[PDB]
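Residue numbers (the authors' numbering), protein chains in the order written: chain A, 8 to 176; chain C, 9 to 453, 460 to 524. Where a beta carbon is used, it is the ideal one built from N, C-alpha and C, also for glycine.
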Amino acid sequence: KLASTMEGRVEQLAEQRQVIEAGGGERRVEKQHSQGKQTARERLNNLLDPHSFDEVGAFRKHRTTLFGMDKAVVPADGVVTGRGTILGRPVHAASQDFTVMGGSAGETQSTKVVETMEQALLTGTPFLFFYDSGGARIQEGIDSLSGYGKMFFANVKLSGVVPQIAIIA
Amino acid sequence: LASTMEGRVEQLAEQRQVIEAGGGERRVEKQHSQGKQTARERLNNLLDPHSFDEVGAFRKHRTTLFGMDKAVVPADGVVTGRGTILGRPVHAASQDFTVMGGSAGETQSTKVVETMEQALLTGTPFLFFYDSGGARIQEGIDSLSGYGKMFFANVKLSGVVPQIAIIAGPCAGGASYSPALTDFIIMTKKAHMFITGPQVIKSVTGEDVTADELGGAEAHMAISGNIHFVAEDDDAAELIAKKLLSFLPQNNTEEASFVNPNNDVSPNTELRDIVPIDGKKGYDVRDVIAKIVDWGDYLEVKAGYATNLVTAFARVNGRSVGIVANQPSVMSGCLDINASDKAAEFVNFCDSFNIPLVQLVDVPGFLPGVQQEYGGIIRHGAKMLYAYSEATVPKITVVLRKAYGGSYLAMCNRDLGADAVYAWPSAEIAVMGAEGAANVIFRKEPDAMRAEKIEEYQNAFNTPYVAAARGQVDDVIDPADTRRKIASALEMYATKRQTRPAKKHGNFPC
Ligand SMILES: C[C@@H](C(=O)O)C(=O)SCCNC(=O)CCNC(=O)[C@H](O)C(C)(C)COP(=O)(O)OP(=O)(O)OC[C@H]1O[C@@H](n2cnc3c(N)ncnc32)[C@H](O)[C@@H]1OP(=O)(O)O
Numbered sequence: 008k009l010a011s012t013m014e015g016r017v018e019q020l021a022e023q024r025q026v027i028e029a030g031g032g033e034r035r036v037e038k039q040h041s042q043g044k045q046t047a048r049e050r051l052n053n054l055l056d057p058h059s060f061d062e063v064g065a066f067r068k069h070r071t072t073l074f075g076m077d078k079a080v081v082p083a084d085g086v087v088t089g090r091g092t093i094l095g096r097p098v099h100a101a102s103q104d105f106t107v108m109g110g111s112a113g114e115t116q117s118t119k120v121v122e123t124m125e126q127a128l129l130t131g132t133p134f135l136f137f138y139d140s141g142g143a144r145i146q147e148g149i150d151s152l153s154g155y156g157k158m159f160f161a162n163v164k165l166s167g168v169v170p171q172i173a174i175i176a
Numbered sequence: 009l010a011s012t013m014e015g016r017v018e019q020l021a022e023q024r025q026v027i028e029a030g031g032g033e034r035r036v037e038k039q040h041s042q043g044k045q046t047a048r049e050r051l052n053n054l055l056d057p058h059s060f061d062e063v064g065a066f067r068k069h070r071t072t073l074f075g076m077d078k079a080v081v082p083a084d085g086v087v088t089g090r091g092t093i094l095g096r097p098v099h100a101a102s103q104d105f106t107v108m109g110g111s112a113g114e115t116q117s118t119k120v121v122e123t124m125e126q127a128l129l130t131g132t133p134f135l136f137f138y139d140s141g142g143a144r145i146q147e148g149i150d151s152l153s154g155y156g157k158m159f160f161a162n163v164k165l166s167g168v169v170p171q172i173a174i175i176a177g178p179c180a181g182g183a184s185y186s187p188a189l190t191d192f193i194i195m196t197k198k199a200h201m202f203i204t205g206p207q208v209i210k211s212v213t214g215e216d217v218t219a220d221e222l223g224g225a226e227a228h229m230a231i232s233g234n235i236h237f238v239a240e241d242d243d244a245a246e247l248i249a250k251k252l253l254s255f256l257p258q259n260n261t262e263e264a265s266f267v268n269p270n271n272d273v274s275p276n277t278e279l280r281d282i283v284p285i286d287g288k289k290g291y292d293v294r295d296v297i298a299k300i301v302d303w304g305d306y307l308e309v310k311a312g313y314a315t316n317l318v319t320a321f322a323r324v325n326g327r328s329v330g331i332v333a334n335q336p337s338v339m340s341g342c343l344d345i346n347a348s349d350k351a352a353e354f355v356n357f358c359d360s361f362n363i364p365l366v367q368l369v370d371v372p373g374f375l376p377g378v379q380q381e382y383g384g385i386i387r388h389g390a391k392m393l394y395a396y397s398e399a400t401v402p403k404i405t406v407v408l409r410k411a412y413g414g415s416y417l418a419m420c421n422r423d424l425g426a427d428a429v430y431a432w433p434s435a436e437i438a439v440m441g442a443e444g445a446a447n448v449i450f451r452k453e460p461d462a463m464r465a466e467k468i469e470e471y472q473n474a475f476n477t478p479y480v481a482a483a484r485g486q487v488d489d490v491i492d493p494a495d496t497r498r499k500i501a502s503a504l505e506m507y508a509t510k511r512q513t514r515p516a517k518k519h520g521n522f523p524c
């Protein structure tokens with residue numbers, strides 16, 4: 008239910024963006040931290056120049072429905088993507104959120120990653136990706152398997168055109 | 009020829025003075041009395057002081073029939089050459105009405121085509137002041153051929169170097185097709201343009217119309233859709249031409265030079281209150297444009313034609329951009345035949361000259377009406393879809409409010425290649441209105463069932479969050495951050511390199 012004024016909706020927007028950014032929640036974030044690991048968003052915030060991150064798909068949602076995916080709430084489908092700068096240089100980046108279903112690669116998540124890579128290719132900028140995952144999302148079966156096929160094809164498409172740096176965290 | 013060099017130099021000066029006098033003092037006073045500058049005054053006012061370098065002042069016609077053998081026709085009625093505008097090299101032509109009514113002699117057309125070829129060869133803009141009775145009748149098919157060569161040349165230069173036409177007097181007949189083939193036509197209140205004159209119209213159809221009613225600036229702007237700018241007089245046309253040129257590059261291999269950049273991208277909360285949350289209330293989309301572009305500056309193109317859609321040049325951090333925006337305060341912002349043309353032409357031009365396209369969306373669909381269907385809205389609306397799908401410049405779209413079905417796609421969403429799409433919290437992207445939707449999905453089943467199903471369909475698909483859930487918009491944003499969001503996208507996509515399938519050309523709808 009949307010607020011009656013633009014001001015209300017903007018405040019409403021802010022509250023919703025916060026929920027998404029909280030990812031899997033306090034307990035899981037505490038567990039990530041207790042393991043000596045930063046969160047998906049801390050990694051991007053630490054890597055990119057202060058305030059340069061421009062996120063794409065924060066509100067993106069999976070469309071899968073089997074084995075409980077129809078009721079599951081999966082913030083950003085487990086990956087934070089966008090563009091920013093490093094020492095002023097434009098870059099595109101992705102960061103898997105292990106707090107959201109173990110960072111398992113959902114179909115939509117992989118689509119978000121590929122679109123970000125396609126933008127790096129299109130604009131001729133480097134691409135950096137923080138990996139933190141249990142692999143293809145089992146509940147989505149072949150839907151998530153397809154996501155990886157597209158990702159691998161994209162990695163090769165970018166190979167030798169723009170630098171690609173992977174960080175397994 | 010004089011006896012000495014010094015003496016021949018003086019002779020040359022006197023001879024050049026005679027040429028530049030054109031049709032003589034009497035005819036020049038008449039031109040001025042009609043509130044028109046002379047061909048040479050126009051070039052002198054347009055170009056930087058003393059930059060004009062003339063070619064062909066002494067060029068003469070070679071025709072001889074029907075009095076031409078004895079006629080004295082200075083520069084054959086046109087002044088051509090090169091100069092600079094704010095330091096930028098340009099080539100230009102300017103018809104001299106005092107000489108045989110500016111009629112287009114064969115040689116005149118050759119001079120014009122040669123100047124056009126030089127503009128192409130060197131990659132500079134080409135500007136032309138028209139003031140003529142059309143093809144010179146005494147030269148029959150010779151003057152006819154000249155026009156054939158001119159039109160072909162306008163097409164050769166199309167999409168390569170910017171072409172600006174300034175109609176500053178009569179433009180009787182087929183000559184009008186040259187301005188049509190250039191990119192922008194600026195018309196003064198002292199100018200007229202038409203394919204068939206009022207007299208011939210009367211003789212053939214019986215219709216009574218004055219030249220003013222038929223093809224004056226207002227008629228072409230508001231009715232015909234033939235021109236891009238209306239100017240009160242020559243001074244105004246000259247100012248408009250320079251302003252227009254300031255947004256464009258020299259040729260298609262470059263992006264326009266930045267001008268007076270305002271690098272601030274701070275938020276402006278004032279943006280939150282321009283678009284009413286109440287769908288039944290309109291507003292001027294230009295108020296939004298003013299708060300997002302540098303210094304609130306913009307040059308609206310075809311401002312008096314199809315006002316249900318705004319097309320304007322402006323700048324963001326000094327970079328030229330073309331803005332296409334629905335105007336909710338006119339015809340509820342519906343797109344129609346004329347606005348589709350107006351938008352498509354603008355999009356194709358910006359794409360040709362590497363000018364990014366920024367869309368401000370608030371469209372409820374295409375205008376309903378038997379005459380819209382009978383007028384071929386199917387093929388005209390397709391022009392928008394074509395232009396945007398073909399365009400490769402950065403395309404940034406911001407949905408302010410309504411975004412319904414095909415009319416939304418026509419405003420360049422992600423599927424038509426927009427590089428970044430943002431939705432305000434008031435964004436209403438939908439395949440169609442919830443009411444119309446229910447009347448089909450739930451045809452079967460009190461009166462509250464209908465109102466209930468409407469709310470159901472509405473919440474399920476038409477909120478900014480569903481659009482974002484599906485990835486149709488990159489983010490939902492605070493209207494206050496609109497400028498920064500556009501500026502950042504323009505910045506990241508400044509290095510965009512996108513290629514199309516190999517082809518001579520696609521088949522653009524007619
Ligand atoms: C290809 C093609 C086509 O359309 O398809 C052609 O172009 S056939 C094109 C046909 N184009 C035309 O028939 C239109 C021409 N005539 C006019 O409608 C008008 O002249 C007008 C609206 C341009 C101007 O009206 P105005 O009263 O200001 O003036 P004036 O009558 O004094 O004229 C200017 C002087 O230029 C001469 N003059 C004007 N137009 C032409 C022309 N096309 N060829 C040869 N001479 C011309 C006039 O005879 C006159 O001569 P002087 O001082 O000796 O009296």
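Reference residue i; option with closest CA among the options
i                      : options                                   : result
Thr204 of chain C      : C:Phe192, C:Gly223 and C:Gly181           : C:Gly181
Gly109 of chain C      : C:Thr46, C:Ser415 and C:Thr477            : C:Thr46
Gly89 of chain C       : C:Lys78, C:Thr132, C:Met76 and C:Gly75    : C:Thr132
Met506 of chain C      : A:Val163, A:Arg96, A:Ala65 and A:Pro82    : A:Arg96
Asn162 of chain A      : A:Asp139, A:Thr118 and A:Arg144           : A:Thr118
residue 178 of chain A : A:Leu51, A:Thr71 and A:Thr72              : Residue coverage of chain A in this structure runs from 8 to 176, which leaves residue 178 of chain A outside it and unanswerable.
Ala411 of chain C      : C:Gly377, C:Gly341 and C:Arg67            : C:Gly341
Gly31 of chain C       : C:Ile235, C:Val17 and C:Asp84             : C:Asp84
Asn356 of chain C      : C:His519, C:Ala395 and C:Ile297           : C:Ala395
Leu504 of chain C      : C:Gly330, C:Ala112, C:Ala438 and C:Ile385 : C:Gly330
residue 457 of chain C : C:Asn268, C:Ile172 and C:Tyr313           : Residue 457 of chain C cannot be located in this model; chain C continues from 453 straight on to 460.
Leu307 of chain C      : C:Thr261, C:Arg409, C:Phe192 and C:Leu279 : C:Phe192
Integer-rounded CB distance, given that residue j should sit under 8 Å from residue i
i                 : j                 : result
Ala442 of chain C : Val407 of chain C : That pair is no contact at about 17 Å.
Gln39 of chain C  : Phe105 of chain C : 6 Å
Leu129 of chain C : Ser166 of chain C : About 15 Å; that fails the 8 Å criterion.
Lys251 of chain C : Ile93 of chain C  : No, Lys251 of chain C and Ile93 of chain C are not in contact; Cβ-Cβ is about 11 Å, not under 8 Å.
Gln335 of chain C : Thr315 of chain C : 6 Å
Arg327 of chain C : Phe374 of chain C : Between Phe374 of chain C and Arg327 of chain C the Cβ distance is about 32 Å, and since that is not below 8 Å, they are no contact.
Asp349 of chain C : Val324 of chain C : Incorrect: roughly 26 Å between the Cβ atoms, too far for contact.
Residue i to residue j span [Cα, whole Å]
i                      : j                 : result
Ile174 of chain C      : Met124 of chain C : 15 Å
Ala431 of chain C      : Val26 of chain A  : 19 Å
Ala418 of chain C      : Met13 of chain A  : 26 Å
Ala21 of chain A       : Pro433 of chain C : 11 Å
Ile194 of chain C      : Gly177 of chain C : 11 Å
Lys510 of chain C      : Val169 of chain A : 13 Å
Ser59 of chain C       : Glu398 of chain C : 39 Å
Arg48 of chain A       : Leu54 of chain A  : 10 Å
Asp241 of chain C      : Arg294 of chain C : 26 Å
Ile491 of chain C      : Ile282 of chain C : 15 Å
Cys420 of chain C      : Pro364 of chain C : 13 Å
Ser151 of chain A      : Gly141 of chain A : 12 Å
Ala65 of chain C       : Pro206 of chain C : 34 Å
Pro284 of chain C      : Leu368 of chain C : 15 Å
residue 459 of chain C : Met440 of chain C : Missing here is residue 459 of chain C: after 453, the next number in chain C is 460.
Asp243 of chain C      : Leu135 of chain C : 15 Å
Sequence-distant residues of its chain with Cβ nearer than 6 Å to residue i (five each side left out)
i                 : result
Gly383 of chain C : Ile345
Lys391 of chain C : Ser348, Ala352 and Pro523
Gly15 of chain C  : none
Beta-carbon contacts of residue i that lie in its chain and below 7 Å, excluding the five residues immediately before and after
i                      : result
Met76 of chain A       : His69, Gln146 and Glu147
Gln512 of chain C      : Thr400
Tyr185 of chain C      : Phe159
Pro376 of chain C      : none
residue 459 of chain C : As shown, the structure holds no coordinates for residue 459 of chain C; chain C passes over it, running from 453 to 460.
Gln42 of chain C       : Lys198
Cβ-heavy atom distance, residue i to ligand 2, below 8 Å
i                 : result
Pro178 of chain C : Among the ligands in the structure shown, ligand 2 does not appear; only ligand 1 can be found there.
Close-in-space but distant-in-sequence residues of the same chain around residue i (CB under 8 Å, 5 per side omitted)
i                 : result
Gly224 of chain C : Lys197, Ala199 and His200
Ordered list of alpha helix (DSSP H) runs contained in the region 43-119 of chain A, each at least 4 residues
47-54
What are the complete alpha helix (DSSP H) segments, minimum 4 residues, inside the region 352-410 of chain C?
DSSP assignment within the region 352-410 of chain C yields the following whole alpha helix (DSSP H) runs of 4 residues or more, N-terminal first: 378-382 and 385-398.
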